[PDB]
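Participant: part one of the complex, left exactly where it sits:
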Amino acid sequence: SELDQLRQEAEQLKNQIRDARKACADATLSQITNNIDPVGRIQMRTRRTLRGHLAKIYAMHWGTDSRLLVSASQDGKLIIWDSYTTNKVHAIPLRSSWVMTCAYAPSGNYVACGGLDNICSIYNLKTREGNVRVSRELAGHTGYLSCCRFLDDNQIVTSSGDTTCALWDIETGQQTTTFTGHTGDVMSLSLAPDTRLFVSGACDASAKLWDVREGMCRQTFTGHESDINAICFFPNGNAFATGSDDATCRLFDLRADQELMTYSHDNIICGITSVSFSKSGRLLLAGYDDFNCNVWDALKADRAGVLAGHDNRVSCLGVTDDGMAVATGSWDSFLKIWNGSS
Amino acid sequence: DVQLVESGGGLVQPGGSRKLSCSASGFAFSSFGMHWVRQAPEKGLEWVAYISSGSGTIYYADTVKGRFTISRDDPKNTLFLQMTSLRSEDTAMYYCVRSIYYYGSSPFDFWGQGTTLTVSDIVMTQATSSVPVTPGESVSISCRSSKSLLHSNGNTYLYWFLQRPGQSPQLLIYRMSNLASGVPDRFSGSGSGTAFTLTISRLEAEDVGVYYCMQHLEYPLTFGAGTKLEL
Amino acid sequence: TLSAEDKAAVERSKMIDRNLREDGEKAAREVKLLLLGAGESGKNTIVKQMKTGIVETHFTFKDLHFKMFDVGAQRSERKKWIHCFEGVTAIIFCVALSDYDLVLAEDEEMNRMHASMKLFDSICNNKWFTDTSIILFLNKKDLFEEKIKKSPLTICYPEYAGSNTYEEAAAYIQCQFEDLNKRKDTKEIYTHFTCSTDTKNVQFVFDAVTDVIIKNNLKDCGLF
Amino acid sequence: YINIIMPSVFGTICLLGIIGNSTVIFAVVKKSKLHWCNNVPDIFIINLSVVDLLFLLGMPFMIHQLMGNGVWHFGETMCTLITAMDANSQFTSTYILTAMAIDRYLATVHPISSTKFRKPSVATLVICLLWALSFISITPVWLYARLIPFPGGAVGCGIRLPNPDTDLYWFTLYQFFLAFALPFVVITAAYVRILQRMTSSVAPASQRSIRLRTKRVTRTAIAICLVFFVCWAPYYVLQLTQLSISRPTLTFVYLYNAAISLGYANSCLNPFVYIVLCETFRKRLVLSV
């Protein structure tokens, strides 16, 4: 009786939200951006190839100086690369080799990683002893660690396969905030440029926008037909793009609270592993299972170019903070640095 | 804590042989390159030898090459300096210096206490030998180099050291602008090309000492004469 | 055209590669086993005989180092992280023979033995395990023999038309799982009958892994 | 017809062998992503193709004196160099093939103990040691490689032994032993042990996968031993026959020319044995193309 009545009210609320979104859908992003000229063909060459990982690479993250990056592989090694020279700055042996994510702190003093061990380990890069040591192991998730992002040297947000995201206090080792509401494994998260909000994509084919300070879900974005594997904020923080197993990328707007554009091609039938934006946001770079990375025109939904330089699944990619280069990591155990030429 | 203790020094006859040891504790010894730097009595710093991490690269100063041998024992965390044919010119305090090299590292950050031995090229110029100073007043120290220390990679390999009276040298500024860990922010390094300035805002009693500028553009590493601050 | 510090940074990088190569060679001389199975299938008993989210067990047997990974605590979606184990030497799948007349506690309608078969079919025929051999353990041999006297195998498999004895019912169950192998050319299934007091399980794994090591050597050398 | 048939046989082998050996080198280099190979079998298989490629590049310099005029036009300086270079390629490829057969014996009959020393560093050391032994084994070749003045105004490059009446035996026998006899026994002994020790007592021999494994490895081990024997036995059988023979006849000369052609065929069939009989390499080759 009471349960039946309540679940009927949820359907009414869902219809109310759907009608509200349809009311403000006066135009389409495609119609708005019809007049603008296309970006043309985007040609990027492999400037650097980072060799040394001996297993599949699952994650990489640029440092804020746009020169150092950290990559994680399931050979149990965290490696910090000097992308300009391809020199290895550090090689961090991981206690658990089943790492799925890695993050570089914006200060450059810390890196984080974690995988099937359900632990987010924080590593101190600046020690008087001259070696990288574990400073914290963040326990509390009951599923595998899928993504992590630093807010500062003391705060980090992690997403897990236990359907929850958590905000951690690194100094005390306790999760100050727990973000619940996903019904599937959360696979990725992206921080807003001001680090006051973050979006997460889960295996329930939905993307939720979370308030870091308040700790509740502000908006929920649906439209994908399969698990969301990747998510990335637009450079202004007012939009984000997702990548799913249905071979599509979608651009959602926070303020319009609905999907604006879909990035798919008929030839593409494989899942998407990673997504990122260029510095201006005009380019959306997505990594795919078909061993390639496709550069999309974000505004016009045109495939601007292809990065085809890997012999296995492109598992991760990232664009530098200055926008100078994009790195792609792959299951073939190599990282490559790409940029165009005049 | 990070420690570097030297031993084996003492009075030796000319033409003799002596073995210097540097025991390292509190840091990853095998990860750091090691230098020997000596200081003649009432004189400035002089670089002696270098052995890299993994012992693959070894450099010597021309004045000691062929007579001194530098070696390390990574399992025992000991640095060695085998000296032969010792001359009266070798009478100096020998310092053990650790230095690690990667992007953004701070070489020459820690020095040993030194051991005293008594026997019975880019030019770095510090023309101002002494500067009378008062606490709370801003002081500038100038250094010059015969060659441009700015490399094509954008780094300017100039280092600043402070040797307080009775103490070992301490790193203040590495690569001409960066501030070493544990150094107050009042110290600032500014330079261009061959002319460099070390600015000390709000001078204090601890800042009293001798300041040395060193170049790391190429070997042999050379030191300036040194600028002494006195009250 | 490298500075004095750039040359040292390149020398440091070569020291890192000298250790990454050293660690990679040592990692290639070790056996990695993905331990799978269902609840109350004797999986924990196998670990006890071979002594967070994932549990890794190290043991050395006859100058060979085994790393056995247990993922029983990972209650999340398997398809999201099952690809992390692509490349393990072998998969140890544990099936409880006595769990043929029993039913699932939650489902209350699916046979316990049929539950294992579906899991075995989805793992053996998984796209990440096309050429990965499977070491099949059939635990609770003694308990199955006692139950087969009272409870016939016809309850679990209606199509069974053989003698109601251990020597035939157990062999019939073995053929049922081996029949689920959808690629009988790229992989082989090593079936063993363990027990609560058996001590030859580790020897069987060593022999089964040894054959898997030989097969991989033949492929790399070009003979296969 | 003879003046056109012989160039066609050598021409077909030279072109086919170069493409086959280049394909193996190209595939392994692409497989290594332009870096030193980290796999011991890939180290041997790229060096074996290098030596075979050298043995084939010298074919035109060694066949123009057998089909067109039989006159050496490169002078005495090239006579010693090419003869020493040609002999080194034959000895090195045979020794690399012998080392690649013992490598497969250790990787199969001793899969656990051999992991201690089947490292890429040891493989490079072994191959560089094979070249050193190859140079030593061809020492009599370049010490006695002098021009032989044929009757008339024509001369040709050859081996001029100081005592051809007595030194002809040991020079022929030692090349037969070091390049054909001893390596063939080692290769044959290595592969039969592989076939007899390629399965475990636990392995389900009744299963199709085990039966398919034995059948494919058997026809790969047979071909490697058969190709080496077929391509080189007639050359040394005639080499041993000429010890008793004093005046060769036209048929014997024709057989000798055919025997040399089969010798160069060994360097042509070796890359194709790897391409055809190895499904893993064949599948990877298609993917890279």
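Facilitator: Structure's in. What do you need? Numbers count the residues shown, from 1 in each chain, chains lettered A, B, ... in the order given.

Participant: Which of the helices or strands spans residue D:78?
Facilitator: helix D:75-109 (DSSP states H and E).

Participant: following that helix, which helix or strand shows up next?
Facilitator: helix D:120-137.

Participant: Around chain C, which positions in the stretch 1-150 of chain D sit nearby?
Facilitator: D:38-39, D:41-42, D:45, D:103-104, D:107-108, D:111-113, D:115, D:119 (C-beta under 8 Å from any C-beta of the partner chain). Just so you know, the C-beta spots here come from the backbone N, C-alpha and C atoms, and that holds for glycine as well.

Participant: Tabulate the residues you listed in JSON lines, adding columns for neighbour count.
Facilitator: Formatted as JSON lines, the residues of the stretch 1-150 of chain D next to chain C follow (neighbours: other C-beta atoms under 10 Å in any protein chain shown):
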{"residue": "D:38", "neighbour count": "15"}
{"residue": "D:39", "neighbour count": "16"}
{"residue": "D:41", "neighbour count": "25"}
{"residue": "D:42", "neighbour count": "22"}
{"residue": "D:45", "neighbour count": "25"}
{"residue": "D:103", "neighbour count": "21"}
{"residue": "D:104", "neighbour count": "27"}
{"residue": "D:107", "neighbour count": "23"}
{"residue": "D:108", "neighbour count": "24"}
{"residue": "D:111", "neighbour count": "23"}
{"residue": "D:112", "neighbour count": "15"}
{"residue": "D:113", "neighbour count": "13"}
{"residue": "D:115", "neighbour count": "20"}
{"residue": "D:119", "neighbour count": "15"}
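
Participant: Let me know the closest of these to chain A.
Facilitator: Of all the residues of the stretch 1-150 of chain D next to chain C, residue D:38 has the smallest distance to chain A: 8.6 Å, by C-beta to the nearest C-beta.

Participant: Quick check on the closest one: phi, psi?
Facilitator: Main-chain dihedrals, residue D:38, degrees, to the nearest 10: phi -100, psi 0.

Participant: throw chain E on there as well:
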Amino acid sequence: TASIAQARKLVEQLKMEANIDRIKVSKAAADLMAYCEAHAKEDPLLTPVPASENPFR
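Facilitator: So, slotting chain E in with the rest:
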């Protein structure tokens, strides 16, 4: 009473999401298009820089 407790939370969450202010898609689309135009010149991937200014020559 686990299902009834969960139902109240899910209904309460949908109330919060339904009370937010939504702008028109045309307004939201224009802002994304405007941002790309304003930052187009400082995007090296969109407009490749001269080789002298490229750290990855």
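
Participant: if we can go back for a sec, residues of the helix holding residue D:78 that come out buried?
Facilitator: Neighbour-count burial for helix D:75-109 flags D:79-80, D:82-101, D:103-109 (criterion: 16 or more other C-beta atoms under 10 Å in any protein chain shown).

Participant: What residues does the residue in chain B sticking out farthest from the centre make contact with?
Facilitator: Residue farthest from the centre of chain B, counting by C-alpha atoms, centre = their mean, is residue B:136 at 27.4 Å. Applying C-beta atoms under 8 Å, 6 or more residues apart in numbering or on different chains, we find residue B:136 in contact with B:202-204.

Participant: do that again at 10 Å, thanks
Facilitator: With contact taken as C-beta atoms under 10 Å, 6 or more residues apart in numbering or on different chains, residue B:136 is in contact with B:201-204.

Participant: can you pick the most crowded of those?
Facilitator: residue B:203 (18 neighbours; other C-beta atoms under 10 Å in any protein chain shown).

Participant: How about the contacts made by it?
Facilitator: Residue B:203 touches B:133-139, B:186, B:229, B:231, counting by C-beta under 10 Å, 6+ apart.

Participant: Of all pairs in those, which one spans the longest distance?
Facilitator: Maximum pairwise distance in the contacts of residue B:203, criterion C-beta to C-beta, is 17.1 Å, between B:186 and B:231.

Participant: Among these two, which residue is more densely surrounded?
Facilitator: Legend: neighbour count by other C-beta under 10 Å for residue B:186 and residue B:231, higher for residue B:186 (14 against 9).

Participant: Roughly how far does that one sit from chain C?
Facilitator: 26 Å (C-beta to the nearest C-beta, to the nearest Å).

Participant: repeat for residue A:5
Facilitator: Computed as C-beta to the nearest C-beta, the residue A:5 to chain C distance reads 28 Å.
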